[PDB]
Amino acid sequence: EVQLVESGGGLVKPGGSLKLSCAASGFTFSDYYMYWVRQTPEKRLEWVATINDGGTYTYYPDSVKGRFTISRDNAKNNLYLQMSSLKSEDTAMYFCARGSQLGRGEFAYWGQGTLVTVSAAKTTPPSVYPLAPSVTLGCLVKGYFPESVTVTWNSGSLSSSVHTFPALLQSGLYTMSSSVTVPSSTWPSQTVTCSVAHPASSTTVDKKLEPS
């Protein structure tokens, strides 16, 4: 399987610099053009960089040219995007991508993406509060910056009955919630834990769900 794993995304100030990585495997990396594409918070997709097999030719849209530099390391099979003179309009999810030697310029493989947030606000870890009264439970994830967080319920074994509410920004900080629905014989007879990870603050917070 072709794999593309982005890393290095996160929080950076206007005018600042951040460098993204993309670890590629499952194909001979040095036989392919590589690309970065970003998706804005308005969900628009835009191509932001193209690089050669050998890294000798690079192409960019006018909006990033002079600011972003695509490079690659064919030994380690990493692709990079040095971003500089960052503006708030560069806030986006950044995907590395691989095409096809068949031409036609399709994006045949995408990474999962790394979020870049351009902002003067501080990194803040979340406060996690259980939401306790089929029975529905939740965890409120309050007062964090930047995105994203992930909430898992009993290590993913309850994922099918989960809802993940989009984060809202309020007083410079995000707040979101996650719900899970389980049989009334499953809780409170068994323990239900929400596990909240915020990579930007290297935090993982666990809360047990217990009746109020």
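Throughout, we count residues from 1 along the sequence that is shown.
Novice: According to the PDB entry, how many deposited residues between residue 133 and residue 134 are absent from the model (none, 1 to 3, 4 to 9, 10 or more)?
Specialist: Unmodelled stretch: 4 to 9 residues.
Novice: Should the higher mean CA B-factor in the entry be assigned to 36-44 or to 50-58?
Specialist: On average, C-alpha B-factors are higher across 50-58.
Novice: Name the higher of the two by mean Cα B-factor in the PDB entry, 142-150 versus 157-165.
Specialist: Result of the comparison: 157-165.
Novice: Would you mind checking which of 191, 21, 195, 17 has the top Cα temperature factor in the PDB entry?
Specialist: Result of the comparison over 191, 21, 195, 17: 191.
Novice: Sorting 102, 115, 128, 96 by Cα temperature factor from the record, which one lands on top?
Specialist: Top of the list by C-alpha B-factor: 102.
Novice: Please say which third, lowest, middle or highest, residue 77 falls into when its CA temperature factor is compared across its chain.
Specialist: Ranked within chain, residue 77 CA B lands in the highest tercile.
Novice: Going by the entry, which third of its chain does the Cα temperature factor of residue 91 land in?
Specialist: Bottom third by C-alpha B-factor.
Novice: Against its chain's modelled residues, does residue 29's Cα B factor rank lowest, middle or highest third?
Specialist: As the PDB entry reports it, the C-alpha B-factor of residue 29 lands in the highest third of its chain.
Novice: Where does residue 187 sit by CA temperature factor within its chain: lowest, middle or highest third?
Specialist: It belongs to the highest third of the chain when residues are ordered by C-alpha B-factor.
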